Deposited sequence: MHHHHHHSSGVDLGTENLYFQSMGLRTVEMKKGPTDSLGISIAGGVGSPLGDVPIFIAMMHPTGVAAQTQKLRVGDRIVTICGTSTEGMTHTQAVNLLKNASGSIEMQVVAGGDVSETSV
C-alpha cells in the first residue's frame, strides 16, 4: 500500500472499474505520461490498482465516476494504491 499526494493533468490513464469490459475490476493505472506529475512522484507505477482517490474508496466506482473525480479535482490530490503484482497480467 502506497499513499501519494499530487498537485496537477496528472499524467495517468486509468482503466477498470465497476462495469468495465472485463466485468467489475479495480480501477487501475494502464499508462502514465513519462514527464507528468504522476511520473514525477516516483511512487506510482503502471499496473497499480487504485484503492482510494481524494480520500474516498474506489469500491463500487465506475470508470466514468473515477475519471470525473480526477478531472474535476485540483490542489492536493491523494491517491492510495496497491501493486498489481503480476497477478492478473504479466509484465514482459
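- Missing from the model relative to the deposited sequence are positions 1-24, 33-36 (no C-alpha coordinates, numbering from 1).
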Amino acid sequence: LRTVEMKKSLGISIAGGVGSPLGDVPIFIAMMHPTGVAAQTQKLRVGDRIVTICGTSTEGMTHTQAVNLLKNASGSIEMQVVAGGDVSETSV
From here on, numbers count along this sequence of modelled residues.
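- Legend: mean Cα B-factor per stretch from the PDB entry, 71-79 versus 10-18; the higher mean is in 71-79.
- Residue-level temperature factors show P34 in the lowest third of its chain, judged at the C-alpha atom.
- Among the modelled residues of its chain, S57 has a C-alpha B-factor that falls in the lowest third, as given in the PDB entry.
- In the PDB entry, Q42 places in the highest third of its chain by CA B-factor.
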